[PDB]
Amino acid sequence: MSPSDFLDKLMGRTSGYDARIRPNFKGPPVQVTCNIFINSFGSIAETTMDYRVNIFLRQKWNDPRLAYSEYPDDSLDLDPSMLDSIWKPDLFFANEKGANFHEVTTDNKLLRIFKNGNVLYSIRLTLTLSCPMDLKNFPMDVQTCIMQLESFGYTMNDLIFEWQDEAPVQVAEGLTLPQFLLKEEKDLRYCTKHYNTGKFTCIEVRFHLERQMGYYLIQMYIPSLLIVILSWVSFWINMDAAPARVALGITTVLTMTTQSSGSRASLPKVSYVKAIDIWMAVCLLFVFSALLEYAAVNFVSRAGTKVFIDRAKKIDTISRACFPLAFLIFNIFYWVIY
């Protein structure tokens, strides 16, 4: 039998096939099985609180009307223009902010049917998905980004999604992210939805992203460390050199404030304290304290007499030990905690 006639008798003019009717429509819900191949994963944005993926979405289900005996072949690969002629599930991504198909150089779609009427339907998609982030531990934070696959129009009595048993989420070999490690373990869950329109099938995959620390050492932690150390050289400068020691205090304090606002510049304007904020605040305190230390030195030594010059000199000699020591102690606590 010629393919033209076969497609005509199976799903075309002479078939009686109505794509507006689901498989087993008077019977139990259609069981759809899903798997995804992650071709690309990136544009993880803290500001807009979202991420981007390029995937192949695979859907599998049985349609008795598409069973065939005219060929011995276990399966038939069909031209994707035939997708418009068959019923298919109405899967959408519930947490999608943007989504598009791929049509270059032709529709990036695949359709395969089997002897028994099983269907395999694969389609390439780009998705911008929302990922609400908890930044309390930033930048030592780990985020969980989800992808929800839901039916828009079919209730659970007509249609049900399920992840495939074997390897439901594959990731392209050698895929890396500059800022994060994508963990190998992905959680699969149900997100069954209850709206005023009914109860809708929904399955979910959760990705765990661990933020890499290196960039923040170079950009943020080490530079701020050096500003703190800079403030300490004041303690070895002559107490008579007021403009020198005051310049050291001013510039370290001011640099520390811009350092602090710069540490948030790439983040959404959240109203809770983050781990980087604690660090910048304490660094700012230490640097401000060094200036206050000189104010005290300059003040107690006003009357240029031995007893008061000695009291001022003692403040300096203690500060040379205590500031670095207290800062080391804070460091122990900070790093151990996070």
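A residue's number is simply how far along the shown sequence it sits, counting from 1.
Between 238-246 and 77-85, the higher mean Cα B-factor belongs to 238-246. Mean CA temperature factor is higher for 174-182 when stretches 174-182 and 146-154 are set side by side in the entry. Comparing the listed residues 216, 232, 200, 93, the entry records the largest Cα B-factor for 232. The PDB entry assigns its highest CA temperature factor, among 43, 298, 39, 33, to 298. When the modelled residues of the chain are ordered by their C-alpha B factor, residue 277 lands in the middle third. Among all modelled residues in its chain, residue 226 ranks in the highest third by Cα B-factor. Sort the chain's modelled residues by C-alpha temperature factor and residue 124 lands in the lowest third, per the entry. Ranked against the other modelled residues of its chain, the C-alpha B-factor of residue 302 as given in the entry falls in the highest third. Among all modelled residues in this chain, the alpha-carbon of residue 23 has a temperature factor (C-alpha) in the lowest third.
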